[PDB]
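K.L.:
Right, I'll just put the structure down here and ask away after.
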Amino acid sequence: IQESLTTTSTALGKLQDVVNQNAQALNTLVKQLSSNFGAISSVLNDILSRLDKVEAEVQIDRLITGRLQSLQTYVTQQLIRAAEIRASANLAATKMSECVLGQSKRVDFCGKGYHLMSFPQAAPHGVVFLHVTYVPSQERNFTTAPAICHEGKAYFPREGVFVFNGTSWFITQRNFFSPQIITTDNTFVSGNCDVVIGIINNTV
Amino acid sequence: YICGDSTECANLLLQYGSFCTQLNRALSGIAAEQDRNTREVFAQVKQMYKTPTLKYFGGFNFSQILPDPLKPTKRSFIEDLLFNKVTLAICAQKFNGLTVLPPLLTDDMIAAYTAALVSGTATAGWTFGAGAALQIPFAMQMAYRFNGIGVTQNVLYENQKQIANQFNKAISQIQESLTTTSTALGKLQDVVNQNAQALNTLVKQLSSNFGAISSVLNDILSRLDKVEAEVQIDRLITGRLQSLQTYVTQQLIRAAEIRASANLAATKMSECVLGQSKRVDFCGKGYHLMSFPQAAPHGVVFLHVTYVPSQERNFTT
Amino acid sequence: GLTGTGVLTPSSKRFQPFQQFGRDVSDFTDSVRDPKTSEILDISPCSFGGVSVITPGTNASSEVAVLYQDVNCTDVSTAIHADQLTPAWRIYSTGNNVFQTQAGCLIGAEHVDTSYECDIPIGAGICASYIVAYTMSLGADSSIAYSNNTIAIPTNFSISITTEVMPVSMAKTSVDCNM
Amino acid sequence: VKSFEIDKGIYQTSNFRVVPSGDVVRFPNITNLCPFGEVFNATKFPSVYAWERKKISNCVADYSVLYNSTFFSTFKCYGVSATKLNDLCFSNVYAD
């Protein structure tokens, strides 16, 4: 993190995107002050120093009309950016409830993983998280047992799949390689031996 | 679009400031948003996969879901029906001024990403995405997915073949209920119809007058000389400017609705596909065993392997 | 009576003798009859389109490529070599013309079959590097095979804190009407 | 984009267009002086209720004596200019 945020670059870009949207909106607004709208000048009084009457007020009507429409366009795009920024803000409130105050059990929305914790940090105009996610990566080769057939009767494991049929030895999780001794206490009686596609005896 | 061309019009256009710059910036931003849309929806598995061509798993027919090597092309048959379903209403060479840009993502590779997602869904284990893949034979998948409803494999393996059957027929009935059917593939057509009518109405605005003599440039240009000229041309430019600004603002509002649905789109290709989304009547009207992506013109179409629990008893507690 | 600017070609109609014009979609002429016995279509888009610079970012390079949009990449050569482009440069001549994926001309980039993982979005699948212009490797293509019997568990793992940028408040602006 | 140091990427800029090459003007081979030297310089100048109407065709219009000689009290044009009128071929001028 003290790498990824500190010497680094535009992988924090969206907040500058927000500010650049503000700046281009506002600079566009100022440049519309610097623009004509079919009247003589781009700035008043300048004309009114050399304007007389009805000619004058027609040109000032032109300027006021154009200033008004440009301003209103600014208003509308601000409101649209406000709507988008607040849908994302509802997402921010969401992950600060969901992903912060607990572990948001929904999958691959908090970050890119299984989301062990989360740490917010403030920001200009925004918020930047630190998603304490999870990434499991090692790999293997192991063989199958969708059930357990000890005495001629089946044992579906605990459903939560892959019984450790690595040499038909134990029971296992979804994510971590884990030795689990079979007893009666660890699986459940489910009928006779019907479709035990991986058969394991001596399950006592 | 505006101002189509003469000489005088560009001068009278740059009278009105950076309006050309404003509109072109805003539509560039909308273009980049649609790029982001299709990236964030589809390109969510980085490390792609193979169409595995086992294609038969006890009885688990993925018929036509995946594009197949026996096909001439590489777009799957369901999606081919989808393409044929959806109408319109070298390059574009038309002096409206307009264009439909070509999309970013290659259309067959749109399909290839769908194939990747469906195939690694059909394989690879639950952990898929946050990792790569973990070697699970797909009946162990639904044996695992019975925990996102809270039941046993005594559902699955004690009823094995039957389950696949209720799979296959319904998918085949999908082939019925997408060939034979009607408006229940609506919203894509709705999107294209909105954009069709909006853009064609913009075209008709170029046919439209705004209180001027003509309603087309180069017409007045033979019988305009001076101040009369620029008055009529200012009327034309003013109206075309207002109409085009209206168009741009509505495109922006549409794109906002599209991106809220795109948030949903990523959410249902992540939550519904890559794991099982435990929330209720979010993915589908069941308890949501699986779901599969499918491509489409300008949009995505899911396939929700729901779960309708249906028989009835009476007991004492 | 008709002025304007465009690319002619002969007519392709069932053109009625009393008619003269074509106005095809909305008052857009597109087809006419010559006043000295010939019959011609008038596709007035000579060409147009936006251009766009493709640059590595003035911190390791200074060499551009110039994407043209609405062309089929032989019109551009005639526009260059009779000096017909409106952004008429001087220090500029054609390196090559990679063109398909119909987004238009691309001046100053090479085909590469060994397509990379797409820095920059040039139009329709095609992307750049360094400056080359390949189509796209869609990712890293991992072929995979998954039999029934064969399974693996992760045996070690990681933690991976990453960023995420959630905007909330824009600049709380305000505007005087009076000033 | 107003910077010396600019980051990497496709950036929008102006809109190019191929400048046209030459000139194509296409008229008929209709070649005739107008009767304007007599349809204006006429004899029978009628009443108002019995205003006269001629259709005149197959001609080539001049528009040149009308300006370099100020015989005329009121010149006025309505849907049209005055001087750039000698651009276009017309259908059936009407002397009223």
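Quick note on naming: the chains in the structure tokens go A, B, ... in the order shown, residues restart at 1 in each chain, and ligands are numbered from 1 in order of appearance.
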Define the interface residues of chain A facing chain D as those within 12 Å, counting only C-alpha atoms, and report them as JSON, numbers by chain.
P.N.:
{"A": [9, 10, 24]}
K.L.:
With only C-alpha atoms considered, list every residue of chain D at most 8 Å from chain B, as a ChimeraX atom specification.
P.N.:
/D:12,79-82,84-85,87-88
K.L.:
Let's have the selection written as a PDB file, in the first residue's frame, with N, CA and C atoms.
P.N.:
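Contents of part.pdb, as written:
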ATOM      1  N   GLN D  12      -9.403  13.064 -28.419  1.00  0.00           N
ATOM      2  CA  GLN D  12     -10.160  13.693 -29.476  1.00  0.00           C
ATOM      3  C   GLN D  12      -9.468  14.982 -29.884  1.00  0.00           C
ATOM      4  N   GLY D  79     -38.858  36.781 -51.611  1.00  0.00           N
ATOM      5  CA  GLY D  79     -38.387  35.500 -51.127  1.00  0.00           C
ATOM      6  C   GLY D  79     -36.979  35.276 -51.612  1.00  0.00           C
ATOM      7  N   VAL D  80     -36.430  36.314 -52.234  1.00  0.00           N
ATOM      8  CA  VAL D  80     -35.253  36.230 -53.074  1.00  0.00           C
ATOM      9  C   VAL D  80     -34.369  37.441 -52.819  1.00  0.00           C
ATOM     10  N   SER D  81     -33.093  37.295 -53.151  1.00  0.00           N
ATOM     11  CA  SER D  81     -32.165  38.412 -53.207  1.00  0.00           C
ATOM     12  C   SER D  81     -32.365  39.195 -54.496  1.00  0.00           C
ATOM     13  N   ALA D  82     -31.473  40.155 -54.715  1.00  0.00           N
ATOM     14  CA  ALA D  82     -31.491  40.913 -55.956  1.00  0.00           C
ATOM     15  C   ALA D  82     -30.375  40.471 -56.888  1.00  0.00           C
ATOM     16  N   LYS D  84     -27.691  38.146 -56.535  1.00  0.00           N
ATOM     17  CA  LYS D  84     -27.324  36.735 -56.637  1.00  0.00           C
ATOM     18  C   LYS D  84     -28.416  35.912 -57.329  1.00  0.00           C
ATOM     19  N   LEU D  85     -29.439  36.589 -57.842  1.00  0.00           N
ATOM     20  CA  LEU D  85     -30.502  35.957 -58.611  1.00  0.00           C
ATOM     21  C   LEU D  85     -29.981  35.312 -59.894  1.00  0.00           C
ATOM     22  N   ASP D  87     -27.535  33.398 -60.320  1.00  0.00           N
ATOM     23  CA  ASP D  87     -26.954  32.087 -60.141  1.00  0.00           C
ATOM     24  C   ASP D  87     -27.807  31.000 -60.768  1.00  0.00           C
ATOM     25  N   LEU D  88     -29.110  30.995 -60.512  1.00  0.00           N
ATOM     26  CA  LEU D  88     -29.904  29.790 -60.681  1.00  0.00           C
ATOM     27  C   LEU D  88     -30.671  29.803 -61.995  1.00  0.00           C
TER      28      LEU D  88
END
K.L.:
Show which residues sit within 10 Å of residue A:137, as a ChimeraX atom specification. Count only C-alpha atoms, and ignore same-chain residues fewer than 5 positions away.
P.N.:
/A:175 /B:130-134 /C:153-158
K.L.:
What would the file look like if the residues just selected were written as a compact mmCIF listing (two decimals), in the first residue's frame with C-alpha atoms?
P.N.:
# COMPACT_ATOMS: atom_id res chain seq x y z
CA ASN A 175 -10.91 -23.69 -0.08
CA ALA B 130 -11.34 -14.53 -7.27
CA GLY B 131 -8.62 -16.98 -8.35
CA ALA B 132 -8.96 -18.82 -11.62
CA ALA B 133 -10.45 -22.30 -11.40
CA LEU B 134 -10.36 -25.36 -9.18
CA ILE C 153 -7.78 -27.72 -3.25
CA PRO C 154 -5.79 -24.54 -2.60
CA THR C 155 -3.06 -25.34 -0.10
CA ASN C 156 -1.67 -21.84 0.38
CA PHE C 157 -3.08 -18.46 -0.37
CA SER C 158 -2.66 -14.73 0.01
K.L.:
If the cut-off is 7 Å, can you tell me the residues of chain C near chain D, counting only C-alpha atoms? I'd like them as a PyMOL selection string.
P.N.:
chain C and resi 1+34-36+46-58+79+84-87+120
K.L.:
Write out the residues from the selection above, keeping N, CA, C and O atoms, as a PDB file, in the first residue's frame.
P.N.:
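Here's the written file part18.pdb:
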ATOM      1  N   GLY C   1     -30.554  24.422 -59.927  1.00  0.00           N
ATOM      2  CA  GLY C   1     -30.607  25.235 -58.733  1.00  0.00           C
ATOM      3  C   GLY C   1     -29.766  24.764 -57.566  1.00  0.00           C
ATOM      4  O   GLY C   1     -29.599  25.499 -56.592  1.00  0.00           O
ATOM      5  N   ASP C  34     -28.700  15.007 -64.775  1.00  0.00           N
ATOM      6  CA  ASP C  34     -27.932  16.040 -65.438  1.00  0.00           C
ATOM      7  C   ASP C  34     -28.777  16.776 -66.473  1.00  0.00           C
ATOM      8  O   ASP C  34     -29.577  16.152 -67.173  1.00  0.00           O
ATOM      9  N   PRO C  35     -28.626  18.100 -66.593  1.00  0.00           N
ATOM     10  CA  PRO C  35     -29.409  18.852 -67.583  1.00  0.00           C
ATOM     11  C   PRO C  35     -28.932  18.702 -69.023  1.00  0.00           C
ATOM     12  O   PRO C  35     -29.413  19.436 -69.894  1.00  0.00           O
ATOM     13  N   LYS C  36     -27.997  17.803 -69.310  1.00  0.00           N
ATOM     14  CA  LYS C  36     -27.551  17.507 -70.662  1.00  0.00           C
ATOM     15  C   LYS C  36     -27.437  16.002 -70.852  1.00  0.00           C
ATOM     16  O   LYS C  36     -26.404  15.480 -71.272  1.00  0.00           O
ATOM     17  N   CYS C  46     -18.073  13.702 -49.335  1.00  0.00           N
ATOM     18  CA  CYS C  46     -16.702  13.557 -49.815  1.00  0.00           C
ATOM     19  C   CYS C  46     -15.908  12.672 -48.878  1.00  0.00           C
ATOM     20  O   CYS C  46     -15.554  11.539 -49.213  1.00  0.00           O
ATOM     21  N   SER C  47     -15.652  13.188 -47.689  1.00  0.00           N
ATOM     22  CA  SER C  47     -15.596  12.432 -46.459  1.00  0.00           C
ATOM     23  C   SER C  47     -15.677  13.452 -45.349  1.00  0.00           C
ATOM     24  O   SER C  47     -15.741  14.658 -45.596  1.00  0.00           O
ATOM     25  N   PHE C  48     -15.687  12.943 -44.132  1.00  0.00           N
ATOM     26  CA  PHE C  48     -15.561  13.721 -42.914  1.00  0.00           C
ATOM     27  C   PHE C  48     -15.169  12.741 -41.824  1.00  0.00           C
ATOM     28  O   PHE C  48     -14.765  11.608 -42.099  1.00  0.00           O
ATOM     29  N   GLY C  49     -15.298  13.164 -40.600  1.00  0.00           N
ATOM     30  CA  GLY C  49     -14.984  12.299 -39.503  1.00  0.00           C
ATOM     31  C   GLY C  49     -14.115  13.043 -38.539  1.00  0.00           C
ATOM     32  O   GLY C  49     -13.574  14.100 -38.856  1.00  0.00           O
ATOM     33  N   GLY C  50     -14.012  12.503 -37.343  1.00  0.00           N
ATOM     34  CA  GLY C  50     -13.120  13.104 -36.392  1.00  0.00           C
ATOM     35  C   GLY C  50     -11.747  12.532 -36.606  1.00  0.00           C
ATOM     36  O   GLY C  50     -11.597  11.490 -37.248  1.00  0.00           O
ATOM     37  N   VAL C  51     -10.730  13.227 -36.122  1.00  0.00           N
ATOM     38  CA  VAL C  51      -9.449  12.581 -36.011  1.00  0.00           C
ATOM     39  C   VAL C  51      -9.084  12.442 -34.551  1.00  0.00           C
ATOM     40  O   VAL C  51      -9.681  13.058 -33.669  1.00  0.00           O
ATOM     41  N   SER C  52      -8.071  11.635 -34.292  1.00  0.00           N
ATOM     42  CA  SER C  52      -7.671  11.441 -32.912  1.00  0.00           C
ATOM     43  C   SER C  52      -6.216  11.015 -32.873  1.00  0.00           C
ATOM     44  O   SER C  52      -5.799  10.132 -33.623  1.00  0.00           O
ATOM     45  N   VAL C  53      -5.462  11.646 -32.006  1.00  0.00           N
ATOM     46  CA  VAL C  53      -4.042  11.389 -31.892  1.00  0.00           C
ATOM     47  C   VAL C  53      -3.856  10.148 -31.043  1.00  0.00           C
ATOM     48  O   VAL C  53      -4.563   9.959 -30.055  1.00  0.00           O
ATOM     49  N   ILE C  54      -2.940   9.278 -31.438  1.00  0.00           N
ATOM     50  CA  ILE C  54      -2.533   8.157 -30.608  1.00  0.00           C
ATOM     51  C   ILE C  54      -1.087   8.406 -30.227  1.00  0.00           C
ATOM     52  O   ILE C  54      -0.201   8.347 -31.086  1.00  0.00           O
ATOM     53  N   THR C  55      -0.848   8.706 -28.954  1.00  0.00           N
ATOM     54  CA  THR C  55       0.474   9.079 -28.499  1.00  0.00           C
ATOM     55  C   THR C  55       0.886   8.362 -27.221  1.00  0.00           C
ATOM     56  O   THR C  55       0.047   8.113 -26.343  1.00  0.00           O
ATOM     57  N   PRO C  56       2.163   8.001 -27.100  1.00  0.00           N
ATOM     58  CA  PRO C  56       2.612   7.260 -25.920  1.00  0.00           C
ATOM     59  C   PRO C  56       2.775   8.106 -24.678  1.00  0.00           C
ATOM     60  O   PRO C  56       3.073   7.553 -23.614  1.00  0.00           O
ATOM     61  N   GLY C  57       2.622   9.417 -24.771  1.00  0.00           N
ATOM     62  CA  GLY C  57       2.468  10.194 -23.563  1.00  0.00           C
ATOM     63  C   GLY C  57       3.595  11.136 -23.206  1.00  0.00           C
ATOM     64  O   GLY C  57       3.783  11.411 -22.017  1.00  0.00           O
ATOM     65  N   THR C  58       4.362  11.606 -24.204  1.00  0.00           N
ATOM     66  CA  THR C  58       5.392  12.666 -24.134  1.00  0.00           C
ATOM     67  C   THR C  58       6.354  12.544 -22.951  1.00  0.00           C
ATOM     68  O   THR C  58       6.928  13.539 -22.510  1.00  0.00           O
ATOM     69  N   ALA C  79      -6.329  12.545 -50.404  1.00  0.00           N
ATOM     70  CA  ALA C  79      -6.436  13.787 -49.650  1.00  0.00           C
ATOM     71  C   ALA C  79      -5.073  14.317 -49.224  1.00  0.00           C
ATOM     72  O   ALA C  79      -4.875  15.534 -49.154  1.00  0.00           O
ATOM     73  N   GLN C  84      -5.387  17.902 -49.451  1.00  0.00           N
ATOM     74  CA  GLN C  84      -6.820  18.120 -49.369  1.00  0.00           C
ATOM     75  C   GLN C  84      -7.379  17.952 -47.965  1.00  0.00           C
ATOM     76  O   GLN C  84      -8.584  18.137 -47.776  1.00  0.00           O
ATOM     77  N   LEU C  85      -6.562  17.598 -46.980  1.00  0.00           N
ATOM     78  CA  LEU C  85      -7.035  17.506 -45.607  1.00  0.00           C
ATOM     79  C   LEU C  85      -7.066  18.881 -44.965  1.00  0.00           C
ATOM     80  O   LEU C  85      -6.182  19.705 -45.194  1.00  0.00           O
ATOM     81  N   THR C  86      -8.094  19.128 -44.179  1.00  0.00           N
ATOM     82  CA  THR C  86      -8.182  20.368 -43.421  1.00  0.00           C
ATOM     83  C   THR C  86      -7.209  20.496 -42.249  1.00  0.00           C
ATOM     84  O   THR C  86      -6.819  21.626 -41.938  1.00  0.00           O
ATOM     85  N   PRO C  87      -6.785  19.424 -41.549  1.00  0.00           N
ATOM     86  CA  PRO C  87      -5.625  19.681 -40.667  1.00  0.00           C
ATOM     87  C   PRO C  87      -4.305  19.491 -41.410  1.00  0.00           C
ATOM     88  O   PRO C  87      -3.471  18.641 -41.076  1.00  0.00           O
ATOM     89  N   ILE C 120      -4.741   0.814 -25.504  1.00  0.00           N
ATOM     90  CA  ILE C 120      -5.495   1.967 -25.968  1.00  0.00           C
ATOM     91  C   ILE C 120      -6.573   1.476 -26.923  1.00  0.00           C
ATOM     92  O   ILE C 120      -6.294   0.623 -27.763  1.00  0.00           O
TER      93      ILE C 120
END
K.L.:
Do you have, as CSV, the list of residues of chain A lying at most 7 Å from chain C, each with its nearest atom pair and that distance in Å to one decimal, counting only C-alpha atoms and ordered by chain then number?
P.N.:
residue,atom,partner,partner_atom,distance
A:12,CA,C:165,CA,6.6
A:14,CA,C:165,CA,6.5
A:15,CA,C:167,CA,6.4
A:18,CA,C:170,CA,6.9
A:85,CA,C:168,CA,5.9
A:86,CA,C:168,CA,6.5
A:88,CA,C:167,CA,6.6
A:89,CA,C:168,CA,4.7
A:92,CA,C:166,CA,6.0
A:125,CA,C:169,CA,5.0
A:126,CA,C:167,CA,3.9
A:127,CA,C:166,CA,5.3
A:128,CA,C:165,CA,4.7
A:129,CA,C:164,CA,5.4
A:130,CA,C:163,CA,5.2
A:131,CA,C:161,CA,5.2
A:132,CA,C:161,CA,4.8
A:133,CA,C:160,CA,5.8
A:134,CA,C:159,CA,5.0
A:135,CA,C:158,CA,5.3
A:136,CA,C:157,CA,4.0
A:137,CA,C:157,CA,4.8
A:138,CA,C:154,CA,4.6
A:139,CA,C:154,CA,5.2
A:140,CA,C:152,CA,4.6
A:141,CA,C:152,CA,4.9
A:142,CA,C:151,CA,4.8
A:143,CA,C:150,CA,5.0
A:144,CA,C:149,CA,5.2
A:175,CA,C:154,CA,5.8
A:176,CA,C:154,CA,5.4
A:177,CA,C:155,CA,5.2
